[PDB]
Amino acid sequence: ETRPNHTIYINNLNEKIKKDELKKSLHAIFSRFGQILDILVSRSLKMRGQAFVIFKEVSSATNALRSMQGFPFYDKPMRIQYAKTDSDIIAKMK
RNA sequence: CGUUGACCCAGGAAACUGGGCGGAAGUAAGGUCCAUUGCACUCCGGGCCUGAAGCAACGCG
Ligand SMILES: NC(=O)CC[C@H](N)C(=O)O
Ligand SMILES: [Cs+]
Ligand SMILES: [Cs+]
Ligand SMILES: [Cs+]
Ligand SMILES: [K+]
Ligand SMILES: [K+]
Ligand SMILES: [K+]
Ligand SMILES: [K+]
Ligand SMILES: [Mg+2]
Ligand SMILES: [Mg+2]
Ligand SMILES: [Mg+2]
Ligand SMILES: [Mg+2]
Ligand SMILES: [Mg+2]
Ligand SMILES: [Mg+2]
């Protein structure tokens, strides 16, 4: 939401983009900010235009957040929040 | 779809078994047109057009 999460929630994503290449482009732009646990993207009716990237450390998520906030990606301005709830791996990876 | 195999994973002392992995399907995916600004982590909106593939080989449609 607005409380620092390992995982950022991105939206206003250009839905015209194919799935894997939407990752590929996302994973590159963001891996700069730190180790990246995974990137989830569905093009379903209600999951499209949105991506979850999960970082190892919280600080990576935080830095990725404000730095990239509101920038144009594929001709559309990203909106970034902290994700409302922790991504699954965070537990599973224990 | 069948047979004989490769490789990964789970179980098993093992033999092997299951999945990954085939005619799958007008599915995935692609173009367009509509509709959606959507908080998820076991697919998964609709129309038209186009349209695949198991990892290898052979056999069969
Ligand atoms: N998809 C398939 O069933 C492939 C069969 C084909 N005859 C082959 O040997 O590869
Ligand atoms: Cs085994
Ligand atoms: Cs198999
Ligand atoms: Cs469509
Ligand atoms: K048996
Ligand atoms: K098989
Ligand atoms: K088969
Ligand atoms: K399409
Ligand atoms: Mg064993
Ligand atoms: Mg087997
Ligand atoms: Mg077989
Ligand atoms: Mg489709
Ligand atoms: Mg259709
Ligand atoms: Mg073949």
# chains A, B, ... in the order shown; residues from 1 in each chain; ligands from 1

call {"tool": "interface_residues", "arguments": {"of": "chain A", "to": "chain B", "cutoff": "12 Å", "atoms": "only C-alpha atoms (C1' of nucleotides)", "output": "PyMOL selection string"}}
result
chain A and resi 1+7-20+38-54+78-90+92

call {"tool": "write_last_selection", "arguments": {"atoms": "C-alpha atoms", "output": "compact mmCIF listing (two decimals), in the first residue's frame"}}
result
# COMPACT_ATOMS: atom_id res chain seq x y z
CA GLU A 1 0.00 0.00 0.00
CA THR A 7 7.65 -6.44 -3.46
CA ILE A 8 6.73 -3.34 -5.44
CA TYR A 9 3.39 -3.13 -7.26
CA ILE A 10 3.56 -1.50 -10.65
CA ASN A 11 0.69 -0.59 -12.91
CA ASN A 12 -0.50 1.62 -15.70
CA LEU A 13 1.45 -0.77 -17.84
CA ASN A 14 1.01 -0.68 -21.58
CA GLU A 15 -1.14 -3.82 -22.10
CA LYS A 16 -0.03 -4.03 -25.77
CA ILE A 17 3.24 -5.68 -24.68
CA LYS A 18 3.84 -9.46 -24.77
CA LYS A 19 4.34 -11.27 -21.40
CA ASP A 20 7.95 -12.50 -21.38
CA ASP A 38 10.92 -12.89 -9.32
CA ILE A 39 8.60 -10.92 -11.56
CA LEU A 40 4.95 -11.84 -11.91
CA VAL A 41 2.87 -10.71 -14.92
CA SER A 42 -0.46 -12.08 -16.15
CA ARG A 43 -2.35 -10.67 -19.11
CA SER A 44 -5.69 -11.81 -17.75
CA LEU A 45 -8.64 -9.45 -17.76
CA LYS A 46 -7.94 -8.21 -14.23
CA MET A 47 -4.18 -8.79 -13.91
CA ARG A 48 -3.07 -7.03 -17.11
CA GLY A 49 -1.39 -3.63 -17.01
CA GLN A 50 0.24 -4.68 -13.75
CA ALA A 51 3.46 -6.28 -12.55
CA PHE A 52 4.96 -7.43 -9.31
CA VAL A 53 8.71 -7.34 -8.89
CA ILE A 54 10.08 -8.89 -5.70
CA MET A 78 4.56 3.74 -14.39
CA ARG A 79 2.73 3.98 -11.09
CA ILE A 80 4.57 2.27 -8.23
CA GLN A 81 3.43 1.39 -4.71
CA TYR A 82 4.61 -1.04 -2.15
CA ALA A 83 2.57 -4.21 -2.56
CA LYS A 84 -0.33 -4.62 -0.12
CA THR A 85 0.67 -8.11 1.07
CA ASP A 86 4.00 -10.04 1.04
CA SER A 87 4.68 -12.16 -2.03
CA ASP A 88 4.58 -15.92 -1.51
CA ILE A 89 8.30 -16.69 -1.99
CA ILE A 90 9.18 -14.64 1.10
CA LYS A 92 8.26 -20.41 0.83

call {"tool": "residues_near_ligand", "arguments": {"ligand": "ligand 5", "cutoff": "12 Å", "atoms": "only C-alpha atoms (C1' of nucleotides) and all ligand atoms", "output": "PDB file with C-alpha atoms (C1' of nucleotides), in the first residue's frame"}}
result
ATOM      1  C1'   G B  11       8.820 -41.525  -4.507  1.00  0.00           C
ATOM      2  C1'   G B  12      11.587 -46.341  -4.296  1.00  0.00           C
ATOM      3  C1'   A B  15      12.711 -53.220 -10.659  1.00  0.00           C
ATOM      4  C1'   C B  16      10.256 -49.138 -11.859  1.00  0.00           C
ATOM      5  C1'   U B  17       6.134 -45.597 -11.266  1.00  0.00           C
ATOM      6  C1'   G B  18       4.243 -40.559 -11.927  1.00  0.00           C
TER       7        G B  18
END

call {"tool": "residues_around", "arguments": {"residues": "residue B:22", "least_positions_apart": "6", "cutoff": "10 Å", "atoms": "only C-alpha atoms (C1' of nucleotides)", "output": "PyMOL selection string"}}
result
chain B and resi 1+53-54

call {"tool": "select_by_dssp", "arguments": {"residues": "stretch 20-59 of chain A", "states": "strand (DSSP E or B)", "output": "number ranges by chain"}}
result
A: 36-40, 51-55

call {"tool": "write_last_selection", "arguments": {"atoms": "N, CA, C and O atoms", "output": "short mmCIF file (atom, residue, chain, number, x, y, z; two decimals), in the first residue's frame"}}
result
data_model
loop_
_atom_site.label_atom_id
_atom_site.label_comp_id
_atom_site.auth_asym_id
_atom_site.auth_seq_id
_atom_site.Cartn_x
_atom_site.Cartn_y
_atom_site.Cartn_z
N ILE A 36 16.81 -9.50 -7.58
CA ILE A 36 15.40 -9.58 -7.91
C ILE A 36 14.92 -11.01 -7.79
O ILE A 36 15.40 -11.88 -8.50
N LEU A 37 13.95 -11.23 -6.90
CA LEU A 37 13.49 -12.58 -6.55
C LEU A 37 12.64 -13.24 -7.62
O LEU A 37 12.74 -14.44 -7.87
N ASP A 38 11.77 -12.44 -8.23
CA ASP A 38 10.92 -12.89 -9.32
C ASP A 38 10.06 -11.75 -9.79
O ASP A 38 9.91 -10.74 -9.10
N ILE A 39 9.48 -11.92 -10.98
CA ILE A 39 8.60 -10.92 -11.56
C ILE A 39 7.33 -11.59 -12.09
O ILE A 39 7.38 -12.39 -13.03
N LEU A 40 6.20 -11.26 -11.49
CA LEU A 40 4.95 -11.84 -11.91
C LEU A 40 4.10 -10.90 -12.81
O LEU A 40 3.85 -9.74 -12.46
N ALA A 51 2.32 -5.41 -12.76
CA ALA A 51 3.46 -6.28 -12.55
C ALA A 51 3.91 -6.22 -11.10
O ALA A 51 3.80 -5.20 -10.43
N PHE A 52 4.41 -7.34 -10.62
CA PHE A 52 4.96 -7.43 -9.31
C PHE A 52 6.42 -7.77 -9.49
O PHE A 52 6.75 -8.80 -10.08
N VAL A 53 7.32 -6.91 -9.03
CA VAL A 53 8.71 -7.34 -8.89
C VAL A 53 9.12 -7.43 -7.42
O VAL A 53 8.86 -6.52 -6.63
N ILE A 54 9.69 -8.58 -7.07
CA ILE A 54 10.08 -8.89 -5.70
C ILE A 54 11.59 -8.77 -5.55
O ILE A 54 12.35 -9.40 -6.30
N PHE A 55 12.01 -7.96 -4.59
CA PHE A 55 13.42 -7.73 -4.35
C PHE A 55 13.85 -8.50 -3.10
O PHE A 55 13.03 -8.84 -2.26
#

call {"tool": "atom_distance", "arguments": {"atom1": "atom CA of residue A:59", "atom2": "atom CA of residue A:75"}}
result
27.2 Å

call {"tool": "closest_atom_pairs", "arguments": {"of": "chain B", "to": "ligand 10", "cutoff": "12 Å", "atoms": "only C-alpha atoms (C1' of nucleotides) and all ligand atoms", "output": "CSV"}}
result
residue,atom,partner,partner_atom_place_in_ligand_line,distance
B:5,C1',ligand 10,1 (Mg),11.0
B:6,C1',ligand 10,1 (Mg),11.3
B:7,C1',ligand 10,1 (Mg),10.9
B:8,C1',ligand 10,1 (Mg),10.9
B:9,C1',ligand 10,1 (Mg),10.7
B:10,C1',ligand 10,1 (Mg),11.6
B:16,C1',ligand 10,1 (Mg),9.6
B:17,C1',ligand 10,1 (Mg),7.8
B:18,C1',ligand 10,1 (Mg),7.1
B:19,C1',ligand 10,1 (Mg),7.6
B:20,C1',ligand 10,1 (Mg),8.8
B:21,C1',ligand 10,1 (Mg),9.1

call {"tool": "write_last_selection", "arguments": {"atoms": "N, CA, C and O atoms (P, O5', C5', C4', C3', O3' and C1' of nucleotides)", "output": "PDB file, in the first residue's frame"}}
result
ATOM      1  P     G B   5      13.668 -49.242 -23.968  1.00  0.00           P
ATOM      2  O5'   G B   5      14.826 -48.178 -24.228  1.00  0.00           O
ATOM      3  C5'   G B   5      14.742 -46.858 -23.709  1.00  0.00           C
ATOM      4  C4'   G B   5      15.567 -45.895 -24.521  1.00  0.00           C
ATOM      5  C3'   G B   5      15.975 -44.614 -23.810  1.00  0.00           C
ATOM      6  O3'   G B   5      17.139 -44.776 -23.015  1.00  0.00           O
ATOM      7  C1'   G B   5      15.042 -44.070 -25.909  1.00  0.00           C
ATOM      8  P     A B   6      17.364 -43.882 -21.693  1.00  0.00           P
ATOM      9  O5'   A B   6      17.640 -42.428 -22.287  1.00  0.00           O
ATOM     10  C5'   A B   6      18.727 -42.193 -23.172  1.00  0.00           C
ATOM     11  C4'   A B   6      18.983 -40.720 -23.340  1.00  0.00           C
ATOM     12  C3'   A B   6      18.957 -39.903 -22.062  1.00  0.00           C
ATOM     13  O3'   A B   6      20.179 -39.954 -21.358  1.00  0.00           O
ATOM     14  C1'   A B   6      17.636 -38.834 -23.708  1.00  0.00           C
ATOM     15  P     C B   7      20.187 -39.919 -19.756  1.00  0.00           P
ATOM     16  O5'   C B   7      19.698 -38.443 -19.431  1.00  0.00           O
ATOM     17  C5'   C B   7      20.443 -37.310 -19.853  1.00  0.00           C
ATOM     18  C4'   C B   7      19.689 -36.030 -19.597  1.00  0.00           C
ATOM     19  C3'   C B   7      19.043 -35.901 -18.220  1.00  0.00           C
ATOM     20  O3'   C B   7      19.947 -35.503 -17.202  1.00  0.00           O
ATOM     21  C1'   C B   7      17.467 -35.325 -19.869  1.00  0.00           C
ATOM     22  P     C B   8      19.547 -35.667 -15.652  1.00  0.00           P
ATOM     23  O5'   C B   8      18.381 -34.600 -15.474  1.00  0.00           O
ATOM     24  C5'   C B   8      18.661 -33.229 -15.245  1.00  0.00           C
ATOM     25  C4'   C B   8      17.424 -32.495 -14.791  1.00  0.00           C
ATOM     26  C3'   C B   8      16.774 -33.025 -13.523  1.00  0.00           C
ATOM     27  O3'   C B   8      17.378 -32.527 -12.342  1.00  0.00           O
ATOM     28  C1'   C B   8      15.126 -32.792 -15.190  1.00  0.00           C
ATOM     29  P     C B   9      17.493 -33.460 -11.033  1.00  0.00           P
ATOM     30  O5'   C B   9      16.023 -33.408 -10.427  1.00  0.00           O
ATOM     31  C5'   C B   9      15.393 -32.165 -10.174  1.00  0.00           C
ATOM     32  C4'   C B   9      13.912 -32.332  -9.959  1.00  0.00           C
ATOM     33  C3'   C B   9      13.503 -33.392  -8.959  1.00  0.00           C
ATOM     34  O3'   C B   9      13.669 -32.976  -7.624  1.00  0.00           O
ATOM     35  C1'   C B   9      12.128 -33.532 -10.869  1.00  0.00           C
ATOM     36  P     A B  10      13.946 -34.053  -6.470  1.00  0.00           P
ATOM     37  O5'   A B  10      12.544 -34.762  -6.306  1.00  0.00           O
ATOM     38  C5'   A B  10      11.451 -34.056  -5.752  1.00  0.00           C
ATOM     39  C4'   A B  10      10.277 -34.961  -5.530  1.00  0.00           C
ATOM     40  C3'   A B  10      10.590 -36.305  -4.909  1.00  0.00           C
ATOM     41  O3'   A B  10      10.788 -36.235  -3.510  1.00  0.00           O
ATOM     42  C1'   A B  10       9.187 -36.629  -6.762  1.00  0.00           C
ATOM     43  P     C B  16      13.292 -51.940 -15.322  1.00  0.00           P
ATOM     44  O5'   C B  16      12.365 -50.878 -14.594  1.00  0.00           O
ATOM     45  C5'   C B  16      11.026 -50.660 -15.007  1.00  0.00           C
ATOM     46  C4'   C B  16      10.136 -50.410 -13.816  1.00  0.00           C
ATOM     47  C3'   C B  16       9.148 -49.268 -13.946  1.00  0.00           C
ATOM     48  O3'   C B  16       7.978 -49.648 -14.624  1.00  0.00           O
ATOM     49  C1'   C B  16      10.256 -49.138 -11.859  1.00  0.00           C
ATOM     50  P     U B  17       7.248 -48.619 -15.607  1.00  0.00           P
ATOM     51  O5'   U B  17       6.380 -47.722 -14.611  1.00  0.00           O
ATOM     52  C5'   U B  17       5.584 -48.299 -13.582  1.00  0.00           C
ATOM     53  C4'   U B  17       5.132 -47.251 -12.590  1.00  0.00           C
ATOM     54  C3'   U B  17       4.808 -45.887 -13.165  1.00  0.00           C
ATOM     55  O3'   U B  17       3.559 -45.829 -13.790  1.00  0.00           O
ATOM     56  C1'   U B  17       6.134 -45.597 -11.266  1.00  0.00           C
ATOM     57  P     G B  18       3.369 -44.880 -15.055  1.00  0.00           P
ATOM     58  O5'   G B  18       3.283 -43.438 -14.388  1.00  0.00           O
ATOM     59  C5'   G B  18       2.240 -43.122 -13.476  1.00  0.00           C
ATOM     60  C4'   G B  18       2.463 -41.786 -12.824  1.00  0.00           C
ATOM     61  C3'   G B  18       2.767 -40.645 -13.758  1.00  0.00           C
ATOM     62  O3'   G B  18       1.621 -40.165 -14.428  1.00  0.00           O
ATOM     63  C1'   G B  18       4.243 -40.559 -11.927  1.00  0.00           C
ATOM     64  P     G B  19       1.755 -39.571 -15.907  1.00  0.00           P
ATOM     65  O5'   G B  19       2.452 -38.159 -15.655  1.00  0.00           O
ATOM     66  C5'   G B  19       1.810 -37.169 -14.876  1.00  0.00           C
ATOM     67  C4'   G B  19       2.745 -36.050 -14.498  1.00  0.00           C
ATOM     68  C3'   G B  19       3.442 -35.324 -15.627  1.00  0.00           C
ATOM     69  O3'   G B  19       2.600 -34.442 -16.335  1.00  0.00           O
ATOM     70  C1'   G B  19       4.996 -35.755 -13.947  1.00  0.00           C
ATOM     71  P     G B  20       2.825 -34.201 -17.911  1.00  0.00           P
ATOM     72  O5'   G B  20       4.144 -33.353 -17.947  1.00  0.00           O
ATOM     73  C5'   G B  20       4.245 -32.150 -17.227  1.00  0.00           C
ATOM     74  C4'   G B  20       5.660 -31.686 -17.197  1.00  0.00           C
ATOM     75  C3'   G B  20       6.296 -31.466 -18.548  1.00  0.00           C
ATOM     76  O3'   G B  20       5.909 -30.243 -19.112  1.00  0.00           O
ATOM     77  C1'   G B  20       7.780 -32.650 -17.160  1.00  0.00           C
ATOM     78  P     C B  21       5.888 -30.024 -20.699  1.00  0.00           P
ATOM     79  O5'   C B  21       5.079 -31.281 -21.252  1.00  0.00           O
ATOM     80  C5'   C B  21       4.728 -31.375 -22.637  1.00  0.00           C
ATOM     81  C4'   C B  21       4.642 -32.811 -23.104  1.00  0.00           C
ATOM     82  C3'   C B  21       4.128 -33.778 -22.059  1.00  0.00           C
ATOM     83  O3'   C B  21       3.657 -34.971 -22.700  1.00  0.00           O
ATOM     84  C1'   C B  21       6.360 -34.293 -22.519  1.00  0.00           C
TER      85        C B  21
END

call {"tool": "select_by_dssp", "arguments": {"residues": "chain A", "states": "alpha helix (DSSP H)", "output": "list in words"}}
result
residues 19, 20, 21, 22, 23, 24, 25, 26, 27, 28, 29, 30, 31, 58, 59, 60, 61, 62, 63, 64, 65, 66, 67, 68, 89, 90, 91 and 92 of chain A

call {"tool": "write_last_selection", "arguments": {"atoms": "C-alpha atoms", "output": "PDB file, in the first residue's frame"}}
result
ATOM      1  CA  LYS A  19       4.343 -11.268 -21.403  1.00  0.00           C
ATOM      2  CA  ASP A  20       7.946 -12.498 -21.378  1.00  0.00           C
ATOM      3  CA  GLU A  21       9.345  -9.409 -23.069  1.00  0.00           C
ATOM      4  CA  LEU A  22       7.386  -7.301 -20.523  1.00  0.00           C
ATOM      5  CA  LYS A  23       9.390  -9.184 -17.884  1.00  0.00           C
ATOM      6  CA  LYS A  24      12.670  -8.989 -19.779  1.00  0.00           C
ATOM      7  CA  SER A  25      12.340  -5.216 -20.043  1.00  0.00           C
ATOM      8  CA  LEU A  26      11.135  -4.891 -16.443  1.00  0.00           C
ATOM      9  CA  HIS A  27      13.811  -7.160 -14.995  1.00  0.00           C
ATOM     10  CA  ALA A  28      16.606  -5.179 -16.671  1.00  0.00           C
ATOM     11  CA  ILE A  29      15.372  -1.713 -15.657  1.00  0.00           C
ATOM     12  CA  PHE A  30      14.896  -2.831 -12.048  1.00  0.00           C
ATOM     13  CA  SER A  31      17.768  -5.288 -11.392  1.00  0.00           C
ATOM     14  CA  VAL A  58      13.383  -3.987   1.389  1.00  0.00           C
ATOM     15  CA  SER A  59      15.698  -1.046   0.672  1.00  0.00           C
ATOM     16  CA  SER A  60      15.931  -2.275  -2.955  1.00  0.00           C
ATOM     17  CA  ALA A  61      12.155  -2.041  -3.228  1.00  0.00           C
ATOM     18  CA  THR A  62      12.175   1.392  -1.616  1.00  0.00           C
ATOM     19  CA  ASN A  63      14.926   2.733  -3.903  1.00  0.00           C
ATOM     20  CA  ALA A  64      13.357   1.182  -6.978  1.00  0.00           C
ATOM     21  CA  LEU A  65      10.117   2.852  -5.921  1.00  0.00           C
ATOM     22  CA  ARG A  66      10.867   6.600  -5.773  1.00  0.00           C
ATOM     23  CA  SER A  67      13.604   6.533  -8.431  1.00  0.00           C
ATOM     24  CA  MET A  68      11.381   4.967 -11.065  1.00  0.00           C
ATOM     25  CA  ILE A  89       8.304 -16.695  -1.986  1.00  0.00           C
ATOM     26  CA  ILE A  90       9.180 -14.643   1.099  1.00  0.00           C
ATOM     27  CA  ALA A  91       7.666 -17.464   3.185  1.00  0.00           C
ATOM     28  CA  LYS A  92       8.264 -20.415   0.827  1.00  0.00           C
TER      29      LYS A  92
END

call {"tool": "atom_distance", "arguments": {"atom1": "atom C1' of residue B:34", "atom2": "atom CA of residue A:73"}}
result
24.7 Å

call {"tool": "atom_distance", "arguments": {"atom1": "atom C1' of residue B:50", "atom2": "atom 1 (N, counted along the ligand's line) of ligand 1"}}
result
20.4 Å

call {"tool": "residues_near_ligand", "arguments": {"ligand": "ligand 4", "cutoff": "9 Å", "atoms": "only C-alpha atoms (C1' of nucleotides) and all ligand atoms", "output": "number ranges by chain"}}
result
B: 32-33, 45-47

call {"tool": "write_last_selection", "arguments": {"atoms": "C-alpha atoms (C1' of nucleotides)", "output": "PDB file, in the first residue's frame"}}
result
ATOM      1  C1'   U B  32      -7.168  -5.631 -35.212  1.00  0.00           C
ATOM      2  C1'   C B  33     -11.712  -4.177 -32.699  1.00  0.00           C
ATOM      3  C1'   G B  45     -13.152 -11.516 -21.131  1.00  0.00           C
ATOM      4  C1'   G B  46     -15.731 -11.148 -25.953  1.00  0.00           C
ATOM      5  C1'   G B  47     -15.771 -10.498 -32.024  1.00  0.00           C
TER       6        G B  47
END

call {"tool": "closest_residue", "arguments": {"among": "B:13, B:2, B:42, B:49", "to": "ligand 13", "atoms": "only C-alpha atoms (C1' of nucleotides) and all ligand atoms"}}
result
B:49

call {"tool": "closest_residue", "arguments": {"among": "B:57, B:14, B:28, B:52", "to": "ligand 13", "atoms": "only C-alpha atoms (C1' of nucleotides) and all ligand atoms"}}
result
B:28

call {"tool": "closest_residue", "arguments": {"among": "B:48, B:55, B:27, B:61", "to": "ligand 12", "atoms": "only C-alpha atoms (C1' of nucleotides) and all ligand atoms"}}
result
B:27
